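This document opens with one chain alone, in structure tokens, the form deposited without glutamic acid (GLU).
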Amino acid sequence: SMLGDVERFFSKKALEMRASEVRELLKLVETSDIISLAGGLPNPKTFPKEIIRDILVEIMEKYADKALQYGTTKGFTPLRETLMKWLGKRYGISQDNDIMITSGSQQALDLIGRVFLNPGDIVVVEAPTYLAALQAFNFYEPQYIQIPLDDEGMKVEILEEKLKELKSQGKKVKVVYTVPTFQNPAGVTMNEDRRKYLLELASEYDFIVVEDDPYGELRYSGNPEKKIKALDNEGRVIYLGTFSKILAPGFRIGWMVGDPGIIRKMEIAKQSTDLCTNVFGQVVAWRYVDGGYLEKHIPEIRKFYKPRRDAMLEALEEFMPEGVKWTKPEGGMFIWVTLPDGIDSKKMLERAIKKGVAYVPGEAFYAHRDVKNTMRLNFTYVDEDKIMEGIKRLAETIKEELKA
């Protein structure tokens, strides 16, 4: 820095912000010739580029001044309308909710932190959970309770146990954050009984549920789940959707649906953080949905990623040694691996990289960083031939690690 000790200017929160050594290393990996299973990106082969070109032409013909001008903080009205209609018809979400457009679900998470969290308020997350949600919420200094997953999602019985324990300490939870379908990073899905159990708990213990759902349309097998927000009779759930994996992440458009009183506060908070979400992308998204292109494209996304999920699940079954376990996702972008303990996967990444493969060590996905034998693998953005070879190199890395 030109100012020398620039830290003398920074706020208490800024002084706590740091770069992750692992995220930095992984950035270097992506641009080199290693086979990386560490990515979190959708494959550009799935971006509907013809449909996007046609929509861009249409916007410059018919909607140019709307797409190019400032928008309201709440969002482009026709997008908000088409979304609520889509969500009602497709998922059974109640039209009594209100909706705001966000600059990605990442912004929704930050706005949830702003609007709900005082320092020390208690947020429940899954263990593991989405690392960027911990990052959004951490600015607001919550205390976390983490609830393990199993192959059917959050262990909602352990949440009831922890809620009773907190109540006995005179404390309560303000928000439960869940990624209940094709989780990033675990890949598993909360079963229907647990969804309804979660909402009974939300009523009994008086908390809000944030349901973050980027992946529900990326379903490759099994039958559609019921959205937690579709089961929500009390208006306790805030549902987050995003265009990032169903259109393309480059437009940075998402939406937040929930109780009108909550949405009004969110609108005020957002006004000072970014004024409005880019209106040009909102118009593109509106045509994409209203023009029926979303509905027509979703099957092509599923057809693309399904064989990639399958190649990775086949390669794990064939190559992994005894005592390694992995989830079997019905959709989404990730498979989550557990190493016969106590291999530490963060320590093992060095070795894996040396053998020409990378993954994300699972420790960052735990609010308490207390589980060390997990890894997130991604199958969306590399290719079957490299999925097989990558998984073999990871399997030999684990066999080598299991010795002295």
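Each form is matched to the other, and the largest set of C-alpha atoms that superpose within 1.5 Å is called the rigid core. Residue positions are given as counts along the sequence shown, with the first one as 1.
Novice: After fitting on the rigid core, pick out whichever of 21-29 or 8-16 shows the bigger RMS C-alpha deviation in 5 other deposited structures of this protein.
Specialist: With the rigid core superposed, the C-alphas that lie farther in 5 other deposited structures of this protein are those of 21-29.
Novice: Between 336-344 and 349-357, report the one with more C-alpha displacement in 5 other deposited structures of this protein relative to this form after a rigid core superposition.
Specialist: Once the core is superposed, the stretch further away in 5 other deposited structures of this protein is 336-344.
Novice: Of the two stretches 247-255 and 294-302, which shows the higher Cα B-factor on average in the entry?
Specialist: 294-302 has the higher mean C-alpha B-factor.
Novice: So 106-114 or 138-146, which one's hotter by mean CA B-factor in the entry?
Specialist: It is 138-146 that shows the higher mean C-alpha B-factor.
Novice: Quiz for you: based on the deposited Cα B-factor, which of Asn184, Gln271, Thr277, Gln95 is highest?
Specialist: If I rank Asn184, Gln271, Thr277, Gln95 by C-alpha B-factor, first place goes to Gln95.
Novice: Maximum C-alpha temperature factor per the entry, among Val360, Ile335, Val57, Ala67, belongs to which one?
Specialist: Among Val360, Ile335, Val57, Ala67, the PDB entry lists the largest C-alpha B-factor for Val57.
Novice: Sorting the chain's CA B-factors, does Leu377 end up in the lowest, middle or highest third?
Specialist: Lowest third of the chain for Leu377's C-alpha B-factor.
Novice: If you rank every modelled residue in this chain by C-alpha B factor, which third holds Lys167: lowest, middle or highest?
Specialist: According to the entry, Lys167 has a C-alpha B-factor in the chain's highest third.
Novice: Tell me, lowest, middle or highest third: where does the Cα B factor of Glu204 rank within its chain?
Specialist: For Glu204, the deposited C-alpha B-factor lands in the highest third.
Novice: Considering every modelled residue of the chain and its Cα B-factor in the PDB entry, is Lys174 in the lowest, middle or highest third?
Specialist: For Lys174, the deposited C-alpha B-factor lands in the middle third.
Novice: Grab the CA temperature factor for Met312 from the record and place it in the lowest, middle or highest third of its chain.
Specialist: As the PDB entry reports it, the C-alpha B-factor of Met312 lands in the lowest third of its chain.
Only in words, not in the display: the form deposited with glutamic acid (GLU) bound, which the text now covers.
Novice: Pick from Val257, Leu131, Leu117, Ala315: which has a non-hydrogen atom within 4.5 Å of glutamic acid (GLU) in the deposited bound form?
Specialist: Partner contact (heavy atom, 4.5 Å) among the options: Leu131.
Novice: The chain here is shown without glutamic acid (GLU). Which stretch in 335-343, 45-53, 356-364, 59-67 comes within 4.5 angstroms of it in the deposited bound form, by heavy atom distance?
Specialist: Partner-contacting stretch among the options: 356-364.
Novice: Answer for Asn278 alone: is it within 4.5 Å of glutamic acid (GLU) in the deposited bound form, judged on heavy atom distances?
Specialist: The answer is no: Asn278 has no heavy atom within 4.5 Å of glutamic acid (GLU).
Novice: Decide whether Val22 counts as a contact residue for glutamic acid (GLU) in the deposited bound form under a heavy atom distance cut-off of 4.5 Å.
Specialist: Although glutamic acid (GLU) is absent here, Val22 would touch it in the deposited bound form, with heavy atoms inside 4.5 Å.
Novice: Report whether the minimum heavy atom distance between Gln135 and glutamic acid (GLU) in the deposited bound form is within 4.5 Å.
Specialist: Yes, contact at 4.5 Å.
Novice: Evaluate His368 for contact with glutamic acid (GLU) in the deposited bound form, applying a 4.5 angstroms cut-off between non-hydrogen atoms, and reply yes or no.
Specialist: Contact with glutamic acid (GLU), no.
Novice: Which residues, if any, of 53-77 lie within 4.5 Å of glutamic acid (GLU) in the deposited bound form when only heavy atoms count?
Specialist: Stretch hits: zero.
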